[PDB]
Structure formats: structure tokens, C-alpha cells
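Next up: a single chain in C-alpha cells, the form deposited in one PDB entry.
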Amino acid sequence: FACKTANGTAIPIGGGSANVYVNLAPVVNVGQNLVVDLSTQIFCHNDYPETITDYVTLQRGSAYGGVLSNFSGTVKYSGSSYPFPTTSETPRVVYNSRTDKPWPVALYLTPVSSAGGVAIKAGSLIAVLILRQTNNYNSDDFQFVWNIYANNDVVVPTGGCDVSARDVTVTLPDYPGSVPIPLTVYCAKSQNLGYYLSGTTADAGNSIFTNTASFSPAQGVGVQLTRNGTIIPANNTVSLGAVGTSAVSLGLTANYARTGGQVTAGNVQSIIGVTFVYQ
């Protein structure tokens, strides 16, 4: 039972366990969200088929780890899908020739939020897969673990909907200008969606936000978002209606807002977070 990664790195055997680095391409689907498909990037074979007909199974206890350790889903395995983490030993995959074939596994996630996502960083842990090997012949049984690491930075969605970008930067033209904000929302199934604005407001109406400039800050001027002329205060929901696979622009615009009397030139900055809620 030899193996190697997508980048050609042979996965060591000889120590009880291993570290594996793979490329993650999460995508939102209906009911499930894909995390990683190891059919693309793990290839195993049998260097001495005449002498053995190996089997491999995903022993119970295999689970998400690292930052995903609290999540649950399913695992595609050898022709069928089972719940994940595994409460029981799965059926047996068979390796009986020197020719490589993929490790037919893929990990899914049961949505637990609206939009939302947890940021994976390269060199982090993804999941711990307890594996059990056996054979036709030598009355000989082993177990070994593969720690699954991501070698590329991604964000793993946890809701039924995704957005164009997680971090967005918009450069206001000089006072008193405004700009459109390129944000859009799409959902794999026809869903309702709203959103409310999170940030450190500055005013009594909670509609304007304070400057955060760390260098020669301007004073008396704060940001104020609006959609088609609607002032969208903080901690308030604005509904998108029914959202499907067609991405919907939030309709947000970024403005200046005059707070507290006289003004002084200088930089201006404000960081805003958008949260989505099912409706």
C-alpha cells in the first residue's frame, strides 16, 4: 500500500502516523458543502500484487480537526456516503496492482450558519483520518493516521450561501465623495437572506461610524453606508428577498458623514463587518 500526494511527495510509512498537505477548493452545495476531495490529490497502489491484495478502511474515530474540529458532515467513500466523524468501520477499498489509483475520499460539511466561513491558513490542520489496513493473506493488521493539512489559504463556508469576497477595500475620493461597494450574494438553493451592519458606530442614531486612522487622522468625519439612498444604521436587518444561484448585489454605497462640528484634514478609515441572517 504505497501512496503519494498531488505534488509527488510520497507519504511516509514506517512511522505510526503521517502529515499530509493538500489543496483545498471548498464549494457550497445544497445540503452539504465540500471541503476537500482526496481523489484529486492522493494516489495509492500495490507494489507486489501477486504477494498480497491489500484493503484499506476508514476506522471509527476519523473526524475534523484543527479549526474544523467542532463541525460534522459526511464522507464519500468507495461508492457511498456515510456520516462523519465515523462511528463505525467503513467498507473496504481494494488495491491489487502496481498501477496507481486515487484514494476515493471526499469530506463534506453540514451547514450550520447563514453565509459564514472559517479561514483556513496554509500549514494548518484540517482533519484526522484514522485508517486501518488489512490483507487477504498474512493474518496481519495495522492502523495508521494521516493528519490532513492545507497547503493553500482558503475560507471554508459554513452556510448555504457564499459571497463574492470576504475582504473588500474601497477607496473613497476626497471629501465629500462616495463610491459603490462590489459585494454580491448567491445561494445554491432558493433562500431568503438579510444582513445587518456590525462596527463601532459613533452617533446617537448609530448610522455613522468613527474614524480609525492611525496616522494624522482627520477629525469630525466618519463613514456612513447607504443603499439607494437608504441610511442603513448599525444592528438592523435589511432583507435581500429571495436569493438563488443568481448573485445579488447588496446595493451598498460608502459615503462621508460629518460628526461633531469642525473638521480637520487627514486620513480616514473605518472597518465594517456584514452579517447575514436567514429569513
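Throughout, rigid core stands for the largest set of C-alpha atoms superposing within 1.5 Å between the two forms. From 1 onward, residues are counted along the sequence shown.
Keep in mind that the form deposited in another entry is missing from the display, and what follows is about it.
Which residue in 62, 46, 33, 224 stands out, with a C-alpha shift of 2 Å or more between the shown form and the other one when both forms are set on the rigid core?
Single residue meeting the criterion: 46.
For residue 102, does the CA position differ by 2 Å or more between the shown form and the other one when the superposition is done on the rigid core?
The answer is yes, as the C-alpha of residue 102 shifts between the shown form and the other one by 2 Å or more after core alignment.
Taking the rigid core as the superposition reference, indicate whether the CA of residue 12 shifts 2 angstroms or more between the shown form and the other one.
Result for residue 12: yes, a 2 Å-plus shift.
Kindly check if the Cα atom of residue 142 is displaced 2 angstroms or more between the shown form and the other one relative to the superposed rigid core.
After core superposition, the displacement of the residue 142 C-alpha between the shown form and the other one stays below 2 Å, so no.
Relative to the form shown here, do the C-alpha atoms of residue 34 and residue 11 sit closer together or farther apart in the other form, given a change of 3 Å or more?
Compared with this form, residue 34 and residue 11 lie farther apart in the other form.
Might you say whether the CA atoms of residue 76 and residue 15 end up closer or farther apart in the other form than in this form? Their distance differs by 3 Å or more.
Closer is correct, given that in the other form the C-alpha spacing of residue 76 to residue 15 is reduced by at least 3 Å.
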